[PDB]
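One chain comes next, on its own, written as structure tokens: the form whose entry title says "closed state".
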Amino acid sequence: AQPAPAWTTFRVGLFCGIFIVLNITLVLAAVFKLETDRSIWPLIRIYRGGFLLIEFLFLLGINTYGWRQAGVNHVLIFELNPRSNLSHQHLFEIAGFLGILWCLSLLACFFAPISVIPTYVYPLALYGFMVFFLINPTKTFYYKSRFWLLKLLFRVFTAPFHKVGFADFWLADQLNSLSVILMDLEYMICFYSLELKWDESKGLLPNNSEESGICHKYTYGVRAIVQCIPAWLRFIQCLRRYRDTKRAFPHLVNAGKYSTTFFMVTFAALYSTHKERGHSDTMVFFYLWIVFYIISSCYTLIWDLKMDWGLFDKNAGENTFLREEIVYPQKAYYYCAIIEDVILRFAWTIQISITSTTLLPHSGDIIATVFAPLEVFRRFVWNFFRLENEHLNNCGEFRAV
């Protein structure tokens, strides 16, 4: 736990200050300099994924700080290099720099500094820069960390061909809580495929003001698939883990849990298409979707509250509705975590459903763009206690001990 250099602290402070001032400027520009004749929704949907990634990186930095200060040995659990581990300052710095890029791109999109440069390339430029940062072969910007992330992501995406370590499962679950990022990426690529109107200078902000685009409606069904990939990877990873251990509890339980949200997305897309054609069984399929929503959300909430966190232990004794031993300084943190998780499981499931072409009016987009940051926050608070429990008592039989 070597302290970070003062230069890194200065850099993260600089990035945070630039980010907060740029965000205040963004809010002021949105309040003052914006056109209501053109639909700002494509811009919001495109930049929502980037904003969620920035929030996830910042919350992960907070997670690393809390882990290293509480006592949980995250570097041992993640199997990272003890000497080359990344401090929370580095994660904060990366989040700040990427937020700088995101805010600059959004400001450029709001009012184009250059008339020649179209406003529809700024999101493309920002995401291309992000992906280049992720793939950059030159060993300048966190080359060890970036290469480890690239290798682990490649391993995760090839779920059934490698043994599921803790880190692979961890990032797969993070993606399970970051389905909005991939879904917005799919929306962006299809939108670029069809509805930019390259001739238009403000093509990314259509002047129709009424949402009737082919990509806005998810009747094609690709939205459902790209929403199930985060669950698909976890499902097959847990199946491979079961094949490795030949132990049903909890591997088949996890497979069932992820199939609940698989059927969630499939049913939501199907009955949304059914409603779009006004067929009589729309109400029956909506009922099947509501009961599947309830069972899936309850399943994930109970598992997160019982096995992932480890709470509600019978051997707790003094600790009410908790474990026998705790690492974090206050039990009120644990309690508020339980209520937060309870509400945000419902929030996560309803966000999945509503973005799965359920609520066509603009209120659906508002509430989804509101709930996605809440989903990332819930994943961060879940990560806290998941890592703490993993250190305390080995769950999921990852380590030999």
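Here, rigid core means the biggest group of C-alpha atoms that superpose within 1.5 Å across both forms. Residue numbers run from 1 along the displayed sequence.
Only in words, not in the display: the form whose entry title says "open state", which the text now covers.
Q. In a fit on the core, which one among 158, 209, 81, 330 has a Cα that moves 2 Å or more between this form and the one not shown?
A. So the only displaced C-alpha belongs to 209.
Q.
Does residue 354 move appreciably between this form and the one not shown, meaning a CA displacement of 2 Å or more on the superposed rigid core?
A. Yes, the C-alpha position differs by at least 2 Å between this form and the one not shown.
Q. After the core is matched up, is the C-alpha of residue 8 off by 2 Å or more between this form and the one not shown?
A. No: residue 8 shifts by under 2 Å between this form and the one not shown.
**Q.** Closer or farther in the other entry, the Cα atoms of residue 68 and residue 395, when the shift from this form is 3 Å or more
**A.** Closer together, which means the C-alphas of residue 68 and residue 395 are at least 3 Å nearer in the other entry.
Q.
At a change of 3 Å or more, would you call the C-alpha separation of residue 325 and residue 395 in the other entry closer or farther than in the form supplied?
A. Compared with the shown chain, residue 325-residue 395 is closer in the other entry.
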